[PDB]
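# Close look at the chain arrangement
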Amino acid sequence: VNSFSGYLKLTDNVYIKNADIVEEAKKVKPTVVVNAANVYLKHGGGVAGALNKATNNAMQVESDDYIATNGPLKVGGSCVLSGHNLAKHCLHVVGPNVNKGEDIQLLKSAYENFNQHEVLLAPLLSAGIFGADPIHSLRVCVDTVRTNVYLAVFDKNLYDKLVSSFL
Ligand SMILES: OC[C@@H](CC1CCCCC1)Nc1ncnc2[nH]ccc12
């Protein structure tokens, strides 16, 4: 039993809700919140910009030190950093950005990072400003993640389409 509330159950391990991931994280304080990161951990907009803003830019400060030490992530890769005031940990995961021409096949590799964590709060990878089809992202999530994932979908209209079209 966990403290996630109001989710629709899609499969044995995947749950979905119309919610602002920032407000969800602040309420639940999960062990792991997933950020929709880029390889430079430049948290300018989308989920990343919103999460970073909620940390008063502490996420960005920590991320800049991470990059200065380690260099950029790989598309499809991840790193674990602090969750600041939002969660114990933040798993920064880089899904392919279609608006940069990146290979959508890397979306499965991106979701594989979730399997290293027993429970996660997460957005749909490569959705939103990353340009991928969210219905496809949900399908890859369900077919790749085996651990317990609670998906927050900001847009109510998109949430209803994801549920109604789910196979
Ligand atoms: O998938 C990443 C983005 C994409 C959006 C595209 C337009 C329709 C709504 C989704 N989703 C989010 N999901 C949960 N919380 C969020 N906070 C800020 C952004 C955000």
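The scheme used for residues numbers each chain from 1 in its written sequence order. That scheme is not guaranteed to match the entry numbering, and residues without coordinates are omitted from view. By convention in this description, side-chain values take in all heavy atoms of the structure and omit both hydrogens and water.

So, about the pairing of strand 7 (residues 148-153). Relative accessible area decides the class of each residue, using a 1.4 Å probe on protein chains only: under 20% of the type maximum gives buried, over 50% gives exposed, and in between gives partly exposed. Put simply, DSSP H or I for four residues or longer makes a helix, DSSP E for two residues or longer makes a strand, and each gets a number counted from the N terminus. In terms of burial, strand 7 is largely enclosed, as five of its six residues are buried. Paired strands, as defined in this entry, are two strands with at least two bridges between them according to DSSP. Judged from the five bridges that link them, strand 2 (residues 14-18) and strand 7 form a sheet pairing that is parallel. By the bridge assignment, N18 is partnered in strand 7 with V153. Of the strand pairs in this sheet, strand 6 (residues 119-122) and strand 7 are connected by four bridges, and their pairing is parallel. Across the sheet, residue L120 finds its bridge partner in strand 7, namely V149.

Looking now at the site of the ligand. Throughout, the term near means that a residue has one or more heavy atoms lying within 4 Å of the molecule or strand in question. Surrounding the ligand, one finds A19, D20, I21, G46, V47, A50, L124, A127, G128, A152, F154 and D155. What qualifies as a polar contact is a pair of N or O atoms within 3.5 Å, subject to a donor-acceptor requirement within protein and to the restriction that residues adjacent in sequence count only when both atoms come from side chains. Within the backbone of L124, a nitrogen or oxygen atom sits 3.3 Å from an oxygen atom of the ligand. Burial of the ligand by the protein chains amounts to 78% of its free accessible area of 460 Å². For the shell around the ligand, the element with the highest residue contribution is helix 2 (residues 46-54), accounting for three residues. The residue inventory of the shell around the ligand, partitioned by class, reads eight nonpolar, two polar and two charged. Each accessible area value is a Shrake-Rupley result obtained with a 1.4 Å probe; residue values ignore everything except the protein chains displayed when judging cover. Residues are grouped as follows: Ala, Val, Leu, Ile, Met, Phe, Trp, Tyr, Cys and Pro are nonpolar; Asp, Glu, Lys and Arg are charged; every other residue, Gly included, is polar.

What follows deals with the layout of surface pockets. In this structure, the largest pocket encloses a volume near 440 Å³. The way it works is a 1 Å grid over only the protein atoms, where trapped points that fit a 1.4 Å probe form a cavity and open points with protein on both sides within 12 Å along at least five of seven lines form a pocket, and then any residue with an atom within 4 Å of a point lines it. Around the largest pocket, the lining comprises 22 residues; the ones closest to its centre are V47, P123, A127, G128 and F154. Elements with a contribution of two residues or more to the lining of the largest pocket: helix 1 (21-28), helix 2 and strand 7. For the lining of the largest pocket, the leading source of residues is helix 2, giving four residues. Of the residues assigned to the lining of the largest pocket, the class counts are 16 nonpolar, four polar and two charged. Grid points are joined across faces, edges and corners, and a volume is the space filled by probe spheres set on the points.

None of the figures reported here should be taken as evidence of function without further support.
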